[PDB]
Structures are given as structure tokens and as C-alpha cells.
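Novice: Have a look at the structure that comes next, please.
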Amino acid sequence: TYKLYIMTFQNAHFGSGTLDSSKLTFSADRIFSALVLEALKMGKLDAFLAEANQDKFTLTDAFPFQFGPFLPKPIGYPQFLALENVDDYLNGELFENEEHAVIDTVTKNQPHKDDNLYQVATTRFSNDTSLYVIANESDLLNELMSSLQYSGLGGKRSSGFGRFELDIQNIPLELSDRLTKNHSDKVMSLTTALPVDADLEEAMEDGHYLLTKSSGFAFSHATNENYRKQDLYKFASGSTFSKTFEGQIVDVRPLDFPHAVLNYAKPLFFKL
Amino acid sequence: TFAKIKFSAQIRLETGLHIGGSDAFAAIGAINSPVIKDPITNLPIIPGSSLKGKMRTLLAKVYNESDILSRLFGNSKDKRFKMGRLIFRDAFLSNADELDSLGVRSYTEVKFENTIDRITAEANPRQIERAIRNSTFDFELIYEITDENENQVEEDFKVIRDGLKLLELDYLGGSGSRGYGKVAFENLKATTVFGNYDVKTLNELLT
Amino acid sequence: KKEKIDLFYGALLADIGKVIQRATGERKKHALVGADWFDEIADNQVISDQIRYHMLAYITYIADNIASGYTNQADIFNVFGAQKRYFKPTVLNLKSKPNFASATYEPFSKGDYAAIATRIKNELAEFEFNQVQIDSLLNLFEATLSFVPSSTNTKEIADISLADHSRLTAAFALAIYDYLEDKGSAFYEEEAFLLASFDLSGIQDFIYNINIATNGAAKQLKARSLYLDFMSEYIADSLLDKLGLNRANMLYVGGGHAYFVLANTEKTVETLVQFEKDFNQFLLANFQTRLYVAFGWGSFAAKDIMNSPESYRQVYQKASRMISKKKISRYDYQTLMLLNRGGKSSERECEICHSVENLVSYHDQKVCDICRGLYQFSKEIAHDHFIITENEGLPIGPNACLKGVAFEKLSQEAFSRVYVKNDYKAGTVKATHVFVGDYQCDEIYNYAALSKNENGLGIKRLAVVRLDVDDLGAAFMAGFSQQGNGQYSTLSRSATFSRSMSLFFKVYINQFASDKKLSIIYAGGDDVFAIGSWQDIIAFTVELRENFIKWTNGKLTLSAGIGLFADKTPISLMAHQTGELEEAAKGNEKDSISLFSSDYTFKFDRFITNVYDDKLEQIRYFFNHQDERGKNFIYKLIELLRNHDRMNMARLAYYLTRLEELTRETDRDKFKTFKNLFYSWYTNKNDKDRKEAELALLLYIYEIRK
């Protein structure tokens with residue numbers, strides 16, 4: 001709400017459902033699960049969840065940062081837009097997407113083995129592009145993300161991916177004025193949110209979203225076996241709505257599991 | 001407590017690195033087997049997976065029959081040891097300006113090779129691209145102190161340095177049984193970042 | 001419904017006496033000729049009585065007036081960017097030479113029409129007029145009464161076939177019958193018709209979800225693209241037979257798209273929404289949002305289409321905006337709570353679909369339901385008939401499946417789906433035609449070893465084509481509104497266009513490869529993907545593009561990307577490094593055949609006429625009538641062509657002049673003409689001749705390799 005972070009990667013894998021395909025942003029439950037796995041170690045996640053369950057805790061997925069903050073294309077009412085261009089895009093002439101990251105793909109190996117060729121895609125950022133989560137300024141979050149500097153984000157992360165440099169900044173105005181979370185007019189979820197149920201019936205009627213399917217494993221220390229998550233369909237970073245809704249933190253534990261698998265989907269919005 | 005202590009080296013080339021490539025096209029008179037590069041910089045890269053697996057196959061000959069490889073490089077099974085506390089990073093060719101001040105045109109060279117048949121004695125030439133000699137790359141390696149680590153921190157440092165004395169004896173790269181590797185770790189130090197730890201005795205140990 | 005099928009046959013077999021008049025040269029009206037010939041040919045009271053009085057008969061009258069909106073049938077391609085041809089009236093044979101409409105074929109034929117009229121007299125006399133027998137009476141009606149002109153007496157551009165004209169009279173007749181069954185020449189202003197459509201989002205993502213470590217990769221690509229083809233054709237036929245209609249209420253089914261000419265009736269809207277929700281609950285049950293079918297319908301009137309520049313684009317935009325809204329707004333709040341609230345404790349996954357429903361392995365690790373069904377269908381693809389059975393395996397519908405039967409009985413079926421056999425060669429009762437581009441030669445592990453000529457000269461490579469038309473959807477939008485006052489973009493002409501682009505790239509692409517040692521994996525006009533041996537791949541692309549500019553009158557030309565790959569490099573890695581080349585081929589003015597690498601992207605004009613038949617033929621004529629200069633000379637010529645500063649022009653001058661005095665003085669003059677050629681097109685200031693010489697010498701070294 002109050003303080004945009006800055007992640008400067010220069011090497012990152014961000015998943016997309018495979019290893020052969022990566023994506024240049026990372027869909028806010030990834031950064032929230034990174035913080036949960038960073039507060040599970042240095043054991044602190046009870047404080048981070050008593051903070052996180054509050055309505056003070058907002059969090060927001062990454063958008064590019066090339067000399068200024070970007071926002072998604074709002075889906076409907078005629079790919080990213082700088083904040084200077086969003087009002088001109090709601091008139092809409094041409095805002096063709098420049099290069100933020102080049103998505104390379106490299107074949108790798110496990111030498112002297114039998115089915116050993118895997119292929120890792122990689123967003124290689126173009127020497128100025130950063131990714132900027134927007135979250136509420138809090139010291140616990142700063143101790144968490146200043147060590148996610150050195151643990152990394154997203155992909156392989158122990159083979160040298162997703163490792164950044166955090167450069168916490170104030171939010172520039174005309175982007176702080178339009179983060180609302182309780183509005184009643186033409187609004188845009190710049191997170192990937194999942195509404196509460198009756199609130200979701202309120203959400204579907206004139207919401208212009210994508211769906212995008214957050215899924216596809218639980219990272220644990222208590223199974224010695226990899227169990228699939230509960231395959232959560234969500235909304236997109238575009239996803240215009242009317243009458244701003246209220247999201248969840250959807251427990252997607254693979255049933256009969258020792259702990260919770262949280263999958264942050266509650267929205268910070270953008271007025272338009 | 002919690003810490004993330006990073007290691008640091010300029011990793012110098014004593015012969016030429018050949019690493020990698022995805023086999024685009026042969027291009028009849030051009031480089032068969034080009035070296036891996038950076039898409040933005042077009043400079044040679046030592047990727048972090050290539051360092052990580054290489055020094056965990058070097059430690060799978062010393063520290064094998066294991067728990068200590070498993071907790072330093074993860075294991076897909078074995079619920080404790082997933083992302084085992086070592087966070088590699090790609091290496092990024094620091095001394096490019098020095099290579100243009102020593103005077104060289106490209107940062108990679110083309111080595112001409114061939115293969116002479118045992119019966120016909122007919123040649124078969126190759127043009128392997130190498131990352132040229134006396135280049136330094138930036139090597140940093142995050143080791144991650146937690147409480148379960150704080151049981152057993154120091155014997156993970158008699159491995160890492162032991163895992164860096166072996167890349168200086170094996171080759172780190174592609175066809176390095178005939179030259180082509182021979183990497184070195186000049187100016188090898190350690191420091192602590194996010195947390196708080198004492199790396200005085202560690203930095204005396206890294207000699 | 002007996003009135004409805006009598007209405008159908010009396011609309012579709014209406015104006016069949018135009019062939020019976022064109023053959024044998026009669027004088028009276030074609031309606032009376034067709035109805036008397038029909039009463040002499042078969043026994044049907046109401047069908048004859050409405051072939052009589054169509055100029056239930058009143059529905060056929062109004063439908064003929066709507067679908068209307070001596071020379072041969074001209075083309076489709078007299079209407080684009082201006083450059084006029086005519087067709088010789090023949091029969092569509094799906095294993096034969098194509099009918100390239102040369103510009104000199106305007107002739108009173110009258111001898112082909114004897115064969116057409118005797119074939120309709122043969123295969124329609126002993127014929128039952130049931131409801132299930134409409135399909136052959138479309139399909140055979142495409143074989144004969146295509147390539148014949150619809151109405152030739154007027155001086156209007158007769159691009160419209162008689163087959164397409166008659167099937168649109170049938171379409172508007174059934175639609176008028178449904179609308180007038182809802183209610184009970186001011187009909188033209190009444191909004192009666194409803195151009196429906198769908199879009200199957202996810203076709204190019206369902207096919208290419210294969211990994212570098214797929215066990216069998218190219219069989220999966222062929223089976224998946226054919227599976228989505230049959231899915232869109234079953235959506236088309238399942239909507240048309242769930243509703244009280246049939247095929248010919250349809251324009252094409254090419255991509256994921258299919259345009260129908262349904263009626264308003266206040267009941268096609270509700271069965272459209274119901275069929276949409278039913279089929280999408282099917283797609284949720286078996287795919288989990290990997291692909292989604294969205295239906296959009298634009299209502300319009302009869303006077304709206306006949307105005308025609310400004311109104312057909314309006315109803316097309318109306319039917320596409322609802323598709324766009326349903327593509328954005330995906331689901332409806334019950335399905336999504338059924339999607340999220342699961343209690344799955346999965347441990348294994350499909351290694352392809354990443355889906356968890358029912359997982360019994362077919363290979364080393366694990367596989368899904370649908371991926372095991374495609375493992376079955378990739379072996380059943382080599383059959384000829386594809387039956388729509390209930391619960392037989394590999395599903396394409398809610399109460400339906402699909403399997404490739406080897407022309408057998410003792411099997412349940414609903415539709416037979418012939419695909420490479422003709423429009424009538426071995427038709428059963430419920431058989432409809434599918435256009436499929438699945439030529440197949442020796443299997444793909446042998447395309448890299450059969451690159452040699454059995455004389456040991458040829459490099460063991462394996463080439464891949466990904467060619468496509470430059471802009472298809474732009475031609476669907478405004479390809480026909482370029483001439484006139486924006487006119488000529490009618491339903492009929494766009495239908496004939498998309499049929500002839502779905503007849504070219506799916507039927508005639510097999511006869512462009514009825515040799516040629518390559519396996520066309522999927523071909524649909526929006527894309528072609530052909531893996532084969534490189535000498536035959538390059539000849540395949542050259543032959544396809546030259547036949548495609550003998551087609552289309554030189555408009556709408558295509559742009560290919562050919563990649564050479566070694567032995568057994570995986571088809572996931574192979575179909576992606578070739579998509580890069582054909583998007584670099586689309587990375588210039590109109591088109592290019594981007595060969596081997598990301599450069600070498602030559603325009604097709606300064607290719608086949610200029611590399612493949614000019615420069616390589618002179619290189620081949622030099623190094624095959626001559627003995628002393630070998631591959632070392634060609635290697636140094638390629639090196640000097642690849643470096644090329646001005647100093648290399650000096651070094652090449654010295655080199656060629658220095659070797660000229662090192663020949664036998666009986667071989668000096670042949671070398672001297674070759675020296676002058678190479679030095680002329682090395683220093684030619686066009687900048688193109690150097691690149692063309694470099695690729696030409698690449699090709700000559702790839703030929704002569706032992």
C-alpha cells in the first residue's frame with residue numbers, strides 16, 4: 001500500500017507450469033510463499049502470519065520497472081503499461097510492449113546418466129528492468145526480503161537463478177493515490193486474487209479477468225515425498241472489476257498434511 | 001541465530017573454457033560447438049548449474065559413503081535436505097576491460113581440432129569455441145546458517161574449500177580431459193550478509 | 001421433420017437442372033429441366049414439386065433469392081489486389097493433379113458436363129431420401145458440382161460455385177423454416193438469420209505441450225492436431241445435429257473457428273448457451289481449462305447481406321465481440337467453486353498434461369486418460385475411417401468418443417468421418433468428409449539415413465518446414481473488400497475462399513508430396529509442419545510455394561522456415577528452433593523462405609528463380625564437368641563470401657586469377673567463365689548476390705558430402 005520494493009534479478013526462472021518455459025513476472029503467491037519459507041527458517045512465520053492475516057498486510061505481484069513502475073494491461077476498456085501511460089491506454093492508441101526480459105532457453109545435462117537432458121528457460125532482464133512488489137512497509141517484511149536477496153526467487157535458485165538486489169523505495173504519487181482495497185467503481189486487481197464465495201458471486205458478473213491456474217507442488221520438510229497442491233484457479237494481474245472485492249489466503253494443503261499451504265490471493269486494487 | 005555468509009572468488013582461466021550450447025546450426029565454415037554466453041552481454045558465462053553439479057561430483061568422490069553432500073546440495077527425497085544450504089550463481093566475466101587492455105579482439109577464441117581415423121587416417125576437423133585464457137569470472141556462493149545448521153556449521157566449511165581445491169584440479173567445463181578447463185580461484189574470501197556470524201576464523205581457514 | 005428433410009432436399013437439389021441444361025444444351029427453364037430429370041431419376045413427390053416451383057416451395061424461393069446474394073466458374077482470386085482466370089469444369093479427386101485455373105480456360109466445355117450429368121444420374125437414381133442420406137448428398141455434391149459456375153448468364157463475377165450456391169440455398173431454407181416454425185417480400189427486413197460461430201481457444205497450446213524427453217514426440221503432434229480437428233468438427237456437427245439442422249448450415253471448420261447460418265427462433269439462443277455450457281463442462285472434466293470453446297452469434301436479416309460492404313463486417317464484428325467477451329469472462333461461479341474445492345492427495349502426475357484424474361501408465365513412468373487415448377489414436381491414425389462411438393475411448397464430446405476403425409463392422413458408431421478417400425469413393429450411410437494433411441512416408445528415424453541418394457553423396461541431416469500463409473485472418477476480415485466500393489465480401493465468396501484454403505493445404509498438399517520421403521505432420525493453412533529429408537524438404541517447400549502461386553493468382557503468398565537438424569535431436573527442440581526461423585521469415589516485408597539459420601532469409605522471388613535454379617545450377621554445372629578444383633576451392637569460396645570486406649574482394653581477385661593459370665589450359669576457359677561469374681556476383685553492389693552465392697555453395701557442399 002505504502003512502499004514499493006525493487007527486485008533486480010539479471011537471472012530468473014519463474015516457472016509457468018514447466019521447466020521448459022519461464023515468465024517475466026511472478027504472481028504474488030510465489031513471493032508470499034518465499035517469505036513463508038524464509039520465515040519458517042529463522043523461525044518467525046508465526047509473527048509473519050499474525051501480520052499477514054491482517055488487513056494491513058497487502059502484497060502484490062511483480063510488474064516490470066524500467067525507470068518507473070509498470071502496471072498490467074487492464075483487460076478490457078481499450079503486456080504492460082508504465083503508470084504515465086495507463087490514462088492514455090484507457091483512451092488507447094498504441095503501447096506496444098518493449099523488451100524487459102529476453103526469455104532464453106538452455107539445454108542442460110546430467111552426465112553419464114540415462115534420461116538426463118532437461119531444458120531450463122530463463123528470463124534474462126535487460127540491464128535496467130526490475131520487478132517491484134508493492135507491500136505495506138513493515139520491518140518484519142524488510143528482514144524477510146533482505147534475505148530473499150540472497151536466497152533468490154522462483155526457479156532453480158540453487159543453480160543460480162532468481163537472485164536479486166532489494167532497493168526499497170517510496171511509491172511515486174498518482175500510483176499511491178490509486179491503491180484502494182475498498183472502492184466501489186471501475187477497479188483493477190494488480191494481484192492474482194481469489195474472492196470470498198458470496199463476494200465471488202458479486203465478482204463474476206462484470207469482471208474482465210483471466211484465470212491462469214496457480215498449482216503444482218508443496219515444498220515441505222515433513223513428508224519425504226512430494227505431494228501435489230490443491231490446484232487453485234485464481235484471477236489475473238489484469239482483471240478489471242466493478243465494486244472491489246475481498247480475497248482469501250486459500251489453504252491448499254494436500255489433504256491429510258502436517259502443515260498449511262497458504263497460497264496468498266487477496267487483492268490490492270487500482271482505480272480507473 | 002540466522003546468517004547467510006557468502007564466498008567470493010575471481011575464478012581465473014588458465015586454459016580456455018568450453019561450456020555448453022543448444023546446437024543451433026553448423027554453418028559450413030563456422031564454429032561447430034559454440035560456448036555458452038549471456039543473451040544481453042554476449043560474453044561467456046560459467047552458469048551456476050555447471051559449477052554446482054561439477055563440484056558436487058568432485059565431492060562425491062571424497063565425501064561419499066552421503067549425508068554431507070545431501071545437506072549441501074539438497075536431495076529430491078530426504079525431507080530435511082531439499083535446497084541444501086548452498087545457493088550458487090552464474091559467473092559473469094569481470095575483467096572484460098582488462099582483456100581489452102591486454103589487447104584482444106574477441107573474448108572467445110576458435111580452437112581448431114580434428115580427429116584422425118585409426119584405419120583410413122582421414123582427418124575430421126572441428127572448430128570448438130573457447131572462452132579465452134586469463135579471464136576472470138565472478139564467483140559467489142551463499143551458505144545459509146540456521147539453528148540445525150548451527151549444530152554442524154564448521155564441517156560444511158572444510159568441504160566447500162575442499163570443493164574449491166578440486167575445481168582447481170579437475171577442469172570445470174566441457175571437453176576438459178584435453179586441456180580446456182583448468183580454472184583457479186584467486187582472491188577467495190568469505191563474508192557474512194543478511195545475518196550475523198564471525199568469519200574471522202573462516203577467512204584464516206580459506207588460505 | 002419429414003417436411004423439414006423434404007424442404008432440405010428440395011432446396012439443395014434445386015437448380016441441379018443447371019447442370020442438366022449445360023450438358024446437352026437445352027432451351028427451357030432450368031427449374032423445369034431439373035424437376036423433370038428428377039422425376040425421371042428418382043421417386044419423390046414434394047421434392048420434385050418444389051424443384052418445379054422455386055422461381056414448402058416458397059421457402060426455397062426466398063432461400064434461393066437470399067443465397068443468390070456464358071462463361072466458366074472464374075476463381076476466388078479475382079477479388080483481391082488486382083492483377084482474371086477461369087476453371088476447367090472438373091471433378092474434385094483427392095488423389096489426382098490439382099486444377100490450377102489458368103487464365104486461358106474460358107471455353108464452352110459441354111463435354112465435361114456429360115460426365116457430370118451421367119455421374120449424378122448414376123449415383124443418385126438408386127438413392128433413398130431419408131434423413132441420414134443428406135450427408136452423401138452433400139459430399140458427392142461437392143465432388144461433381146464443384147468447379148462449375150453458379151450463374152453464368154449475368155455479367156456478375158461468377159466466383160461462386162454451384163455446390164456452394166446450392167448448399168447456401170439449403171442453409172437459408174432450413175433457417176427460414178426454423179424461424180417460420182417459431183412464429184407460425186417484407187421478409188428481407190426481418191432479422192431472421194443468426195450467423196453463429198465458435199472459437200476453440202487453446203489449439204496451438206494443446207498440441208505443443210511436449211517436452212524434450214518425450215518418448216514418441218512427432219506421433220503426438222500429428223495425433224493432437226488431428227484430435228483437435230475432429231473435436232472442432234464434432235462441435236460443428238454436434239451443434240448442428242443437437243439442433244434441428246445438419247451440415248451445409250456451416251461455412252468452414254478450419255482453425256478452431258466455424259461459421260454457421262442458424263436462425264433466431266428464440267430457441268437456438270438457449271440451445272447455443274446450453275450446448276456451450278455442456279461442452280465446457282466436458283472440457284473441464286477432461287482438460288482442466290487447457291482449452292475452451294466460446295460461441296458467439298450475430299443476428300442479421302436477408303436484406304442486410306445483399307449494405308454488404310458495411311453490414312457483413314458489422315455482423316461479423318457482432319458475432320466476434322461476444323466471442324471476445326466469453327473468452328475474457330470464462331466461467332459462471334458454480335464451475336469455479338467445483339474447481340477449487342478439491343480434496344486431492346495426489347503424488348503422481350501426467351508427465352505431459354500435468355493432470356490428476358485417472359493415471360494408468362502406458363510407458364516408463366505414468367500417463368493420463370487423454371494422453372493414453374492419444375497413444376492409442378496415434379496408432380489408429382493410419383486407418384481410414386474414424387467412428388464416433390459412445391464410450392469407446394479418446395473422447396471428443398460429452399456422450400461420445402472417437403476411434404480409428406480399420407473399415408470394419410460389429411462396432412457402434414454415429415459418424416464415420418472419411419478423410420483421405422474421396423468425396424464419394426467408399427461412403428457408408430453416416431459418412432462425412434474430413435480434409436486431413438497426413439501424407440506419411442518411412443518413419444522419422446529413417447529420414448536422417450535416407451538423405452543419401454544410394455550413391456554415397458548427401459549429408460545425413462533432417463529438415464523441418466514450418467510454412468504458413470502471410471496473413472490469413474486479415475484476408476478473412478478485408479481480403480475481398482479491396483476492389484469495388486468495398487463490395488464482393490459476401491458469405492458465399494468467403495466460404496469458397498476458406499474451403500479452397502482448406503482444400504489446398506489439406507488435400508492438395510498430399511499430392512505435392514506424393515513422392516518425396518517426408519511426413520507432413522499437420523497442415524492447415526494457418527500453419528504447416530513437415531519433417532523430412534533435406535533434399536526433399538527443400539523441393540517440397542519450393543514445389544508447394546510454386547503451386548500456391550499457381551494457385552491464388554500470385555496473391556497471399558507464403559513464408560517458410562526450413563531448419564536442418566542432426567540425427568535424433570528431439571522434436572520439441574526441433575519444432576521450436578524452426579518457429580524462430582519462420583518468425584524471422586515473417587520479419588521482413590511480405591514473405592521469405594528463411595533457410596537453415598536465422599539469417600539466410602531470402603525472399604521467395606530472389607530464391608527459386610535466383611538460387612535454386614540459377615546459381616546452384618551453374619555451380620553444379622562447373623564442378624561436374626571438371627576435375628581439379630574440389631571441395632577445398634568451394635570451402636575457400638564460402639569463407640571469402642562469409643567474411644567479405646573490400647580487402648577480401650582483392651584477395652578473391654588474386655585467388656581466382658591465380659588458380660586460373662593453374663588449370664590444364666583445356667579447362668582454363670570453363671574455369672574462366674566461372675571465375676567471371678563468381679567475381680561478378682561477389683562484387684555486384686546489389687548485396688543480394690553474395691548471400692545467394694553463399695547459400696548456393698552451402699547447398700552444393702551439402703549435396704556432394706560422402
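In the C-alpha cells, chains take the letters A, B, ... in the order shown, each chain's residues start at 1, and ligands count up from 1 in the order shown.
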Taking only C-alpha atoms into account, report as a ChimeraX atom specification which residues of chain B lie within 7 Å of chain A.
Specialist: /B:2,22,40,48-49,52,77-80,83,86-90,142,146,194
Novice: May I have the residues from that selection written out with C-alpha atoms, as a tab-separated table (two decimals), in the first residue's frame?
Specialist:
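Output below, filename part-v8.tsv:
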chain	number	residue	atom	x	y	z
B	2	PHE	CA	20.43	-16.95	11.29
B	22	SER	CA	22.00	-25.74	-27.52
B	40	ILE	CA	22.31	-9.46	-23.30
B	48	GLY	CA	25.62	-21.81	-11.73
B	49	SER	CA	24.31	-25.28	-12.50
B	52	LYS	CA	27.12	-26.69	-8.76
B	77	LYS	CA	13.81	-37.15	-1.47
B	78	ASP	CA	15.05	-36.97	2.17
B	79	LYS	CA	12.66	-34.39	3.72
B	80	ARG	CA	15.36	-32.50	5.62
B	83	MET	CA	17.74	-26.97	-1.31
B	86	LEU	CA	24.26	-23.74	-0.94
B	87	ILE	CA	22.99	-21.14	-3.39
B	88	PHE	CA	25.19	-20.92	-6.46
B	89	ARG	CA	25.18	-18.13	-9.00
B	90	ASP	CA	26.29	-17.76	-12.59
B	142	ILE	CA	25.68	-18.28	-0.36
B	146	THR	CA	20.17	-21.80	10.64
B	194	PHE	CA	21.95	-10.73	5.98
Novice: Residues of chain B near chain C: apply a cut-off of 8 Å, count only C-alpha atoms, and supply the list as a list in words.
Specialist: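 Contact residues on the first chain: residues 24, 25, 27, 28 and 29 of chain B.
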Novice: Save out the residues we just selected, N, CA and C atoms, as a short mmCIF file (atom, residue, chain, number, x, y, z; two decimals), in the first residue's frame.
Specialist:
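To be explicit, this is the file written out as part10.cif:
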data_model
loop_
_atom_site.label_atom_id
_atom_site.label_comp_id
_atom_site.auth_asym_id
_atom_site.auth_seq_id
_atom_site.Cartn_x
_atom_site.Cartn_y
_atom_site.Cartn_z
N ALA B 24 22.58 -24.87 -32.37
CA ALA B 24 21.70 -24.14 -33.29
C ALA B 24 21.85 -24.63 -34.73
N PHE B 25 22.98 -24.34 -35.37
CA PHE B 25 23.22 -24.78 -36.74
C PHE B 25 24.71 -24.73 -37.04
N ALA B 27 26.58 -24.36 -39.97
CA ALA B 27 27.02 -23.22 -40.78
C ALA B 27 28.39 -23.42 -41.41
N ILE B 28 28.47 -24.12 -42.54
CA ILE B 28 29.55 -24.98 -43.04
C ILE B 28 30.99 -24.57 -42.71
N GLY B 29 31.28 -23.28 -42.62
CA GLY B 29 32.63 -22.91 -42.30
C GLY B 29 32.75 -22.20 -40.98
#
Novice: Give me, as a VMD selection string, the residues of stretch 32-193 of chain B that a backbone DSSP run labels alpha helix (DSSP H).
Specialist: chain B and resid 48 to 58 67 to 73 96 to 102 147 to 151 157 to 164
Novice: Using only C-alpha atoms, can you tell me which of C:11, C:218, C:350, C:371 comes closest to chain A?
Specialist: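 Closest to chain A, using only C-alpha atoms: C:350.
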Novice: Give me, as number ranges by chain, all polymer residues having an atom no more than 10 Å from residue C:537, counting only C-alpha atoms and skipping those fewer than 4 positions away in the same chain.
Specialist: C: 462-465, 513, 516-519, 530-533, 541-543, 562-564
Novice: Would you put the residues from that selection into a file with N, CA and C atoms, as a compact mmCIF listing (two decimals), in the first residue's frame?
Specialist:
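The result, stored in result_31.txt:
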# COMPACT_ATOMS: atom_id res chain seq x y z
N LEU C 462 18.27 -33.68 -41.52
CA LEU C 462 16.86 -33.92 -41.30
C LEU C 462 16.22 -32.55 -41.20
N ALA C 463 15.43 -32.18 -42.18
CA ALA C 463 14.97 -30.82 -42.24
C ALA C 463 13.52 -30.74 -41.83
N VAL C 464 13.12 -29.57 -41.38
CA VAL C 464 11.78 -29.31 -40.87
C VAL C 464 11.27 -28.02 -41.47
N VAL C 465 10.08 -28.07 -42.06
CA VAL C 465 9.39 -26.91 -42.59
C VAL C 465 8.38 -26.46 -41.57
N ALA C 513 3.34 -33.89 -52.37
CA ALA C 513 4.29 -34.76 -51.70
C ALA C 513 4.00 -36.23 -51.97
N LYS C 516 8.85 -38.18 -52.34
CA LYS C 516 9.43 -37.04 -51.64
C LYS C 516 9.74 -37.28 -50.18
N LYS C 517 9.53 -38.49 -49.64
CA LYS C 517 10.28 -39.00 -48.48
C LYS C 517 10.15 -38.11 -47.24
N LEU C 518 8.96 -37.56 -47.02
CA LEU C 518 8.73 -36.64 -45.92
C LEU C 518 7.35 -36.90 -45.35
N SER C 519 7.13 -36.47 -44.11
CA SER C 519 5.90 -36.79 -43.40
C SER C 519 5.26 -35.50 -42.91
N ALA C 530 6.23 -29.90 -41.65
CA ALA C 530 6.58 -31.06 -42.46
C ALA C 530 8.02 -31.44 -42.18
N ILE C 531 8.23 -32.60 -41.58
CA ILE C 531 9.57 -33.07 -41.28
C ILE C 531 9.96 -34.10 -42.32
N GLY C 532 11.17 -33.99 -42.86
CA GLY C 532 11.59 -34.93 -43.86
C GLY C 532 13.07 -34.83 -44.12
N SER C 533 13.50 -35.41 -45.23
CA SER C 533 14.89 -35.34 -45.63
C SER C 533 15.13 -34.08 -46.44
N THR C 541 9.08 -27.49 -50.19
CA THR C 541 8.71 -26.09 -49.98
C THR C 541 8.67 -25.32 -51.29
N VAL C 542 9.66 -25.56 -52.17
CA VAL C 542 9.69 -24.89 -53.46
C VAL C 542 8.49 -25.30 -54.31
N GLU C 543 8.18 -26.60 -54.33
CA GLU C 543 7.05 -27.10 -55.09
C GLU C 543 5.73 -26.61 -54.52
N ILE C 562 12.95 -23.32 -42.99
CA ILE C 562 13.48 -24.67 -43.09
C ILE C 562 14.67 -24.75 -42.16
N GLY C 563 14.66 -25.70 -41.25
CA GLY C 563 15.78 -25.91 -40.35
C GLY C 563 16.38 -27.28 -40.57
N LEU C 564 17.70 -27.34 -40.64
CA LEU C 564 18.41 -28.61 -40.71
C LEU C 564 18.86 -29.06 -39.34
